[PDB]
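Below is one structure, written out as structure tokens; the observations come after it.
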Amino acid sequence: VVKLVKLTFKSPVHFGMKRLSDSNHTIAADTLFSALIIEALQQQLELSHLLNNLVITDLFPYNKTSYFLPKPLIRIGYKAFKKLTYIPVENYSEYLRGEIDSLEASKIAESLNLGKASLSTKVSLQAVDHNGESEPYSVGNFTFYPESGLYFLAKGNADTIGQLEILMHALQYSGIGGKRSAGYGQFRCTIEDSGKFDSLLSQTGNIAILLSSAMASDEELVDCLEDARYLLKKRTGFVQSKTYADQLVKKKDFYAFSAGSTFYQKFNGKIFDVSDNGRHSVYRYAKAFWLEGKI
RNA sequence: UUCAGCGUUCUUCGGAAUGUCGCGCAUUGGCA
């Protein structure tokens with residue numbers, strides 16, 4: 001049951017990539033899954049549905065004009081083609097067939113208006129009272145245009161879909177990304193049946209494109225890599241919880257194929273464990289959502 | 001010789017702001 005989940009952001013979001021100063025306009029499926037797990041644990045729900053039947057996608061840019069999917073890594077002005085990152089759903093088939101030209105790719109890049117990124121310079125006055133000093137730091141945020149929003153597609157049974165609806169409503173108050181609970185990431189989310197995507201997903205093409213940041217199991221990896229065009233993205237971070245350890249602990253470093261990576265042989269994903277001797281297992285979504293296309 | 005005032009100017013010409021600062025310091029950065 002693939003359900004579109006559109007997110008409208010009221011306040012700017014941080015979405016850090018490596019540092020607090022930087023910012024991204026989207027987040028990986030794992031970052032969303034980790035937020036969904038944290039929420040389910042707060043609301044005292046069973047994690048079996050999320051860990052066994054929920055399939056999600058990286059949040060993708062959406063505009064009133066169009067919904068943007070990630071640019072497939074398919075061999076085809078090379079600058080114009082490399083600058084392009086997201087292609088509207090209507091132009092995805094044209095891009096796959098090679099019917100797109102460099103000027104058309106430039107127009108597609110200009111078409112997206114997800115938002116306007118910025119850097120907010122904050123200060124910490126915690127040490128001023130102890131003969132210390134104010135400490136400047138920078139938070140990179142991204143402000144969506146009013147029509148613009150981030151959407152994700154969630155697939156699963158009816159039970160996990162309803163659980164997702166509950167977690168999503170709680171999540172909007174919780175927020176997403178970094179510096180949430182410090183002014184950022186408040187969003188309001190709608191869950192609906194989308195005719196566009198379900199029709200798009202009902203295609204049996206010769207190539208498979210990874211909607212979500214995903215990694216195959218070892219046995220899956222050996223068949224999948226042959227003839228694959230892909231971009232290994234390091235997935236790293238600290239553990240966010242009150243019960244994992246007394247102090248803040250980094251997760252084990254993970255590498256996942258990025259969204260838009262094209263694999264000839266489809267691989268199902270796996271919820272990996274990036275924990276290192278903690279009081280609970282830190283789950284890292286790496287399951288795979290596939291858009292089959294014809295090239 | 002008496003009887004009366006009547007007309008014309010109602011303000012004018014200059015000067016209309018000027019000079020001086022136009023953010024500084026601390027954290028940060030930089031050097032070590």
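Just so we're on the same page: first chain in the structure tokens is A, next is B, and so on; residues restart at 1 for each chain, and ligands are numbered from 1 in the order they show up.
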
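For chain A, the residues close to chain B, meaning within 9 Å and counting only C-alpha atoms (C1' of nucleotides), are residues 133, 134, 135, 136 and 137 of chain A.
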
* For range 52-68 of chain A, please output as a PyMOL selection string all residues within 9 Å (counting only C-alpha atoms (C1' of nucleotides); exclusion window: fewer than 6 positions along the same chain). => chain A and resi 2+6-7+25-33+86-90+92+111-114+145-157+160-161+164+210-213+259+271+287-289

* To do: Calculate how many Å separate CA of residue 8 in chain A from CA of residue 197 in chain A, rounding to one decimal.
  =>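 Computed distance, CA of residue 8 in chain A to CA of residue 197 in chain A, equals 18.9 Å.
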
* **d(CA of residue 255 in chain A, CA of residue 235 in chain A) in Å** =>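 Distance reported for this atom pair: 5.5 Å.
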
* Would you mind listing what lies within 12 Å of residue 45 in chain A as a list in words, with only C-alpha atoms (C1' of nucleotides) counted and same-chain residues fewer than 3 positions away left out? =>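 Using only C-alpha atoms (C1' of nucleotides), the neighbours found are residues 36, 37, 38, 39, 40, 41, 42, 48, 49, 50, 159, 160, 162, 163, 164, 166 and 167 of chain A.
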
Saved selection, atoms kept: N, CA, C and O atoms, as a PDB file, in the first residue's frame:
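Output file part.pdb is given in full below:
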ATOM      1  N   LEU A  36      11.011   7.855  13.170  1.00  0.00           N
ATOM      2  CA  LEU A  36       9.777   7.044  13.342  1.00  0.00           C
ATOM      3  C   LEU A  36       9.952   6.062  14.507  1.00  0.00           C
ATOM      4  O   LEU A  36       9.009   5.914  15.302  1.00  0.00           O
ATOM      5  N   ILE A  37      11.127   5.441  14.609  1.00  0.00           N
ATOM      6  CA  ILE A  37      11.399   4.476  15.712  1.00  0.00           C
ATOM      7  C   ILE A  37      11.333   5.260  17.028  1.00  0.00           C
ATOM      8  O   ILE A  37      10.603   4.828  17.939  1.00  0.00           O
ATOM      9  N   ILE A  38      12.111   6.342  17.133  1.00  0.00           N
ATOM     10  CA  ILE A  38      12.154   7.160  18.382  1.00  0.00           C
ATOM     11  C   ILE A  38      10.717   7.531  18.777  1.00  0.00           C
ATOM     12  O   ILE A  38      10.385   7.413  19.974  1.00  0.00           O
ATOM     13  N   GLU A  39       9.898   7.931  17.803  1.00  0.00           N
ATOM     14  CA  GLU A  39       8.490   8.304  18.080  1.00  0.00           C
ATOM     15  C   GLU A  39       7.742   7.075  18.604  1.00  0.00           C
ATOM     16  O   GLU A  39       7.107   7.178  19.666  1.00  0.00           O
ATOM     17  N   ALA A  40       7.811   5.960  17.875  1.00  0.00           N
ATOM     18  CA  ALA A  40       7.090   4.763  18.295  1.00  0.00           C
ATOM     19  C   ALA A  40       7.479   4.353  19.706  1.00  0.00           C
ATOM     20  O   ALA A  40       6.626   3.936  20.498  1.00  0.00           O
ATOM     21  N   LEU A  41       8.767   4.457  20.038  1.00  0.00           N
ATOM     22  CA  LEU A  41       9.206   4.152  21.395  1.00  0.00           C
ATOM     23  C   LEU A  41       8.590   5.112  22.402  1.00  0.00           C
ATOM     24  O   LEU A  41       8.181   4.700  23.494  1.00  0.00           O
ATOM     25  N   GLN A  42       8.492   6.394  22.048  1.00  0.00           N
ATOM     26  CA  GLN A  42       7.837   7.369  22.956  1.00  0.00           C
ATOM     27  C   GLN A  42       6.357   6.999  23.108  1.00  0.00           C
ATOM     28  O   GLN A  42       5.868   6.987  24.255  1.00  0.00           O
ATOM     29  N   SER A  48       7.905  -3.976  15.644  1.00  0.00           N
ATOM     30  CA  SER A  48       7.962  -5.063  14.672  1.00  0.00           C
ATOM     31  C   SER A  48       7.445  -4.621  13.309  1.00  0.00           C
ATOM     32  O   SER A  48       8.004  -5.001  12.274  1.00  0.00           O
ATOM     33  N   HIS A  49       6.373  -3.825  13.286  1.00  0.00           N
ATOM     34  CA  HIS A  49       5.821  -3.363  12.015  1.00  0.00           C
ATOM     35  C   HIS A  49       6.840  -2.538  11.242  1.00  0.00           C
ATOM     36  O   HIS A  49       7.090  -2.788  10.056  1.00  0.00           O
ATOM     37  N   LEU A  50       7.456  -1.558  11.909  1.00  0.00           N
ATOM     38  CA  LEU A  50       8.450  -0.718  11.248  1.00  0.00           C
ATOM     39  C   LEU A  50       9.659  -1.531  10.809  1.00  0.00           C
ATOM     40  O   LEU A  50      10.184  -1.334   9.707  1.00  0.00           O
ATOM     41  N   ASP A 159      -1.692  -2.479   8.731  1.00  0.00           N
ATOM     42  CA  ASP A 159      -1.340  -2.234  10.126  1.00  0.00           C
ATOM     43  C   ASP A 159      -0.166  -1.269  10.238  1.00  0.00           C
ATOM     44  O   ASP A 159      -0.213  -0.298  11.006  1.00  0.00           O
ATOM     45  N   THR A 160       0.898  -1.513   9.468  1.00  0.00           N
ATOM     46  CA  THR A 160       2.042  -0.612   9.516  1.00  0.00           C
ATOM     47  C   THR A 160       1.709   0.738   8.898  1.00  0.00           C
ATOM     48  O   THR A 160       2.283   1.751   9.301  1.00  0.00           O
ATOM     49  N   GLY A 162      -1.279   2.301   9.221  1.00  0.00           N
ATOM     50  CA  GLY A 162      -1.935   3.031  10.298  1.00  0.00           C
ATOM     51  C   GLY A 162      -0.970   3.443  11.395  1.00  0.00           C
ATOM     52  O   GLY A 162      -1.047   4.561  11.924  1.00  0.00           O
ATOM     53  N   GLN A 163      -0.048   2.546  11.752  1.00  0.00           N
ATOM     54  CA  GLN A 163       0.989   2.905  12.710  1.00  0.00           C
ATOM     55  C   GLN A 163       1.817   4.074  12.195  1.00  0.00           C
ATOM     56  O   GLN A 163       2.188   4.968  12.963  1.00  0.00           O
ATOM     57  N   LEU A 164       2.097   4.093  10.891  1.00  0.00           N
ATOM     58  CA  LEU A 164       2.818   5.209  10.295  1.00  0.00           C
ATOM     59  C   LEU A 164       2.019   6.500  10.389  1.00  0.00           C
ATOM     60  O   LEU A 164       2.589   7.568  10.619  1.00  0.00           O
ATOM     61  N   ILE A 166      -0.121   7.311  12.736  1.00  0.00           N
ATOM     62  CA  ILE A 166      -0.013   7.769  14.123  1.00  0.00           C
ATOM     63  C   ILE A 166       1.368   8.367  14.388  1.00  0.00           C
ATOM     64  O   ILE A 166       1.499   9.445  14.994  1.00  0.00           O
ATOM     65  N   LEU A 167       2.414   7.657  13.970  1.00  0.00           N
ATOM     66  CA  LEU A 167       3.780   8.145  14.276  1.00  0.00           C
ATOM     67  C   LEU A 167       3.992   9.487  13.569  1.00  0.00           C
ATOM     68  O   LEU A 167       4.613  10.378  14.172  1.00  0.00           O
TER      69      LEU A 167
END

* Got a sec: who's within 6 Å of range 96-106 of chain A, counting only C-alpha atoms (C1' of nucleotides), leaving out chain neighbours fewer than 2 positions off, as a VMD selection string? -> chain A and resid 77 80 93 to 94 108 to 109 295

Writing out the chosen residues with N, CA and C atoms as a PDB file, in the first residue's frame:
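Once everything was written out, this is part.pdb:
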ATOM      1  N   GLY A  77      27.007  19.277 -23.322  1.00  0.00           N
ATOM      2  CA  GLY A  77      27.426  19.911 -22.086  1.00  0.00           C
ATOM      3  C   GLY A  77      27.275  19.014 -20.873  1.00  0.00           C
ATOM      4  N   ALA A  80      26.001  20.719 -17.467  1.00  0.00           N
ATOM      5  CA  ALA A  80      24.566  20.859 -17.240  1.00  0.00           C
ATOM      6  C   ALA A  80      23.967  19.568 -16.699  1.00  0.00           C
ATOM      7  N   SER A  93      10.883   9.705 -17.495  1.00  0.00           N
ATOM      8  CA  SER A  93      10.963   8.810 -18.646  1.00  0.00           C
ATOM      9  C   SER A  93      11.768   9.438 -19.777  1.00  0.00           C
ATOM     10  N   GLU A  94      11.582  10.739 -20.009  1.00  0.00           N
ATOM     11  CA  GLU A  94      12.351  11.424 -21.043  1.00  0.00           C
ATOM     12  C   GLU A  94      13.839  11.406 -20.725  1.00  0.00           C
ATOM     13  N   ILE A 108      15.408  22.045 -16.338  1.00  0.00           N
ATOM     14  CA  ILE A 108      14.924  21.186 -15.259  1.00  0.00           C
ATOM     15  C   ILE A 108      15.564  21.576 -13.932  1.00  0.00           C
ATOM     16  N   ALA A 109      16.868  21.855 -13.944  1.00  0.00           N
ATOM     17  CA  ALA A 109      17.534  22.321 -12.731  1.00  0.00           C
ATOM     18  C   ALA A 109      16.960  23.655 -12.271  1.00  0.00           C
ATOM     19  N   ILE A 295      15.591   1.836 -20.323  1.00  0.00           N
ATOM     20  CA  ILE A 295      16.631   2.613 -20.986  1.00  0.00           C
ATOM     21  C   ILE A 295      17.017   1.943 -22.299  1.00  0.00           C
TER      22      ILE A 295
END

* Go through A:247, A:11, A:240, A:172 and flag the residue nearest residue 283 in chain A, using only C-alpha atoms for the distances. => A:240

* **Surrounding residues of residue 279 in chain A excluding itself and chain neighbours under 2 positions, 10 Å, only C-alpha atoms (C1' of nucleotides), as a list in words** =>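 Close residues of residue 279 in chain A: residues 243, 244, 245, 275, 276, 277, 281 and 282 of chain A.
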
Same residues, N, CA, C and O atoms, saved as a short mmCIF file (atom, residue, chain, number, x, y, z; two decimals), in the first residue's frame:
data_model
loop_
_atom_site.label_atom_id
_atom_site.label_comp_id
_atom_site.auth_asym_id
_atom_site.auth_seq_id
_atom_site.Cartn_x
_atom_site.Cartn_y
_atom_site.Cartn_z
N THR A 243 19.03 6.22 26.89
CA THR A 243 19.28 4.93 27.51
C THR A 243 20.39 4.11 26.86
O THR A 243 20.75 3.06 27.40
N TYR A 244 20.94 4.56 25.73
CA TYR A 244 21.99 3.79 25.07
C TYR A 244 23.25 3.74 25.93
O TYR A 244 23.82 2.66 26.14
N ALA A 245 23.69 4.89 26.42
CA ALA A 245 24.88 4.96 27.26
C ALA A 245 24.79 6.23 28.10
O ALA A 245 23.99 7.12 27.83
N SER A 275 24.93 -0.29 16.21
CA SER A 275 25.25 -0.17 17.62
C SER A 275 26.58 -0.86 17.93
O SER A 275 27.03 -1.75 17.21
N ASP A 276 27.21 -0.42 19.02
CA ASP A 276 28.48 -0.98 19.47
C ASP A 276 28.35 -1.10 20.99
O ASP A 276 28.64 -0.15 21.72
N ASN A 277 27.89 -2.26 21.45
CA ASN A 277 27.83 -2.61 22.87
C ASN A 277 27.09 -1.55 23.68
O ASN A 277 27.64 -0.89 24.56
N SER A 281 19.76 -1.73 20.58
CA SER A 281 20.31 -1.84 19.24
C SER A 281 19.91 -0.63 18.42
O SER A 281 18.72 -0.35 18.25
N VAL A 282 20.90 0.09 17.90
CA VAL A 282 20.66 1.28 17.09
C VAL A 282 20.42 0.83 15.65
O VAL A 282 21.35 0.44 14.94
#
